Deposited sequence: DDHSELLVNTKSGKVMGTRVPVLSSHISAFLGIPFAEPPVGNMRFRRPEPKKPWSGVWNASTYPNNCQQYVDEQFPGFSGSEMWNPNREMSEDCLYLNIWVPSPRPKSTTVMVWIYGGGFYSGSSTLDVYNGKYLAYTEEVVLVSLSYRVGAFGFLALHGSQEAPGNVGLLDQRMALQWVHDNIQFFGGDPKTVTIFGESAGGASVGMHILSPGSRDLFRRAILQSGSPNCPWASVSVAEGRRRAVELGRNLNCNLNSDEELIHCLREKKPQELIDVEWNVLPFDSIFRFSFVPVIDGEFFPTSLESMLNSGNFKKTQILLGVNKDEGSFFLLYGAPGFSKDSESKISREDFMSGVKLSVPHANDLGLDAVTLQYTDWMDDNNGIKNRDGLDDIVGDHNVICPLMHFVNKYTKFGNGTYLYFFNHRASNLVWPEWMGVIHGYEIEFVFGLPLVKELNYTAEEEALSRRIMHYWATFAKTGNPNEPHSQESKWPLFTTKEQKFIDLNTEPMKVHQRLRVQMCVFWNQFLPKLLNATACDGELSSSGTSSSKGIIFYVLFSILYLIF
């Protein structure tokens, strides 16, 4: 009744779920695509053919095939991001939380997970949509999309592996929401897409892409933006990496057809076991199979589209965390450890700068080093550690996002910018890692409202504040409720943003402006000239 919904592709039966001493409706694992298996590996997705009978939507779906992180086996801080369901190429499903009783036509929020375009799952505990759906009375959808080679192997000119098909998975789930969310009490004209890291870059890519623009109303980007250096490659580099994948697996490389036929014969984990081998440099915060600037999903270069205003004009809300770079250093840079303060020697600092800016020549590396080194105190291991942390976060997340925010605001209809700098009281990671990439998600999704998880009362209040900003923005284009302190519009001239933490809101201006002139203006000019 409330749990039995007839959609344009067939009937679905959801389940009644408890939430915070109440209940709401969950529809888990609804298919929005034909399974992209067999001959459909690497191909654009196809709409799900209608089914007869009742689709059982009581259980989370499979997760897409991906490299599983084993660096810290059994450690919750890393395991919380790994697939928690069986992995399968048959993974194109979405999940829906609906307030109970079903509202008439309410705001919809669609979550796009991150994971560097090589990993990610809609089913992680921190993406549980029920607290936000219940607390803010929104219809909350989480989609899925192919990652790694399965989603982003790009042999431009082939229609069998054109590239960007994981972005097209996202778009097909948005099309399904557009066509069906009315049956779940959602308003298809008031859909907000939001996501973090690669999911934030994805949100920005749909803002840019003409074929995506009519499938949502407004957007939220968390710790990612479409212009991030890791978020896309050229057609030539994508082809190079695809050919090198075939080389690693002893494939015929004489033609796209023969290469693709070979790759389609391999078991999924065979592809995954060599995926990191196709990267051109030793690096951190770089991923093998990512979106390609193809001339179709992206009609021209990202920068030209931003400069000309060739993008969807709407409201955006976006922001970054204080220490975006810290876990990346843990995973690939010398001298870092989860079990120590990770004081970094001068030698390991120089190695880390090179891993962090792998495309830079030696003069570019010198420029980065000078910008982040205190030459009154250059053997300070804490300053070396924190300097590397800032390099990774500034280069890969904060300054790309500030470039996006300044270009977008010239043409958009409203920008709201935040700086999340609260360290959770119950964090399992060491203090040197600070406010880590991804650790605002648990506040956005209301996990501190769960007493059993042992957040402080101020952390519950912060989460409620953030959920209300997010959902009020989603409903109206403005995070502030009329009548009371106000989160001010970010403007080209004043460039205001707010901190998000347990203290009373403070307004600041020009987020990280000094370092981002270096990353966005000077270093690109230096690398181009040298």
In sequence order, the deposited stretches missing their CA atoms are 1 to 3, 488 to 489, 536 to 565
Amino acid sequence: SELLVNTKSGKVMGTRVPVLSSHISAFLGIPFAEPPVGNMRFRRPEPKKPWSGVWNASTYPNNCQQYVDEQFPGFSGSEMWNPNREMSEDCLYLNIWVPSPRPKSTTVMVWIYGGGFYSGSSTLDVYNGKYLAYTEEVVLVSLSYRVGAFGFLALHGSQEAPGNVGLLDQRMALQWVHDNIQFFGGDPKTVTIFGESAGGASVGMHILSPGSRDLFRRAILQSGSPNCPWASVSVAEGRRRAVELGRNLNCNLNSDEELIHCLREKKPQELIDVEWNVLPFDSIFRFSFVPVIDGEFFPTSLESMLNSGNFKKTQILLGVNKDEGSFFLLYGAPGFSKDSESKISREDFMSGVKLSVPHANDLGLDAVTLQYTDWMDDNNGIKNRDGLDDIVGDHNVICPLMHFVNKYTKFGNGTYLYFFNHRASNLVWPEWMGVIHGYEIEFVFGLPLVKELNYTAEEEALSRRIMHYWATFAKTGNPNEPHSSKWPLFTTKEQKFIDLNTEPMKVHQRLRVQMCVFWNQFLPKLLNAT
From here on, numbers count along this sequence of modelled residues.
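We call the rigid core whatever largest set of C-alpha positions still superposes within 1.5 Å between the two forms.
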Between 281 to 289 and 203 to 211, larger RMS Cα displacement in 9 other deposited structures of this protein after core fit: 281 to 289
If we scan the other compared entries, does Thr491 go without coordinates in at least a third? no
Decide which of the stretches 508 to 516 and 15 to 23 has the higher mean C-alpha B-factor, going by the entry. 15 to 23
Higher-B stretch (mean Cα B-factor, as the entry records it), 103 to 111 or 322 to 330: 103 to 111
Of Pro83, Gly74, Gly335, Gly151, which one's C-alpha B factor is largest in the deposited record? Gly74
Select one of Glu196, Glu270, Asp394, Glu431: the residue whose C-alpha shows the highest B-factor in the crystal structure entry. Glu431
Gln65 - Cα temperature factor, lowest/middle/highest third of chain: lowest
Please say which third, lowest, middle or highest, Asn307 falls into when its CA temperature factor is compared across its chain. highest
Considering every modelled residue of the chain and its Cα B-factor in the PDB entry, is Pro482 in the lowest, middle or highest third? highest
CA B-factor ranking of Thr135, expressed as a third of its chain: highest
Where does the C-alpha B-factor of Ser225 rank in its chain, lowest, middle or highest third? lowest
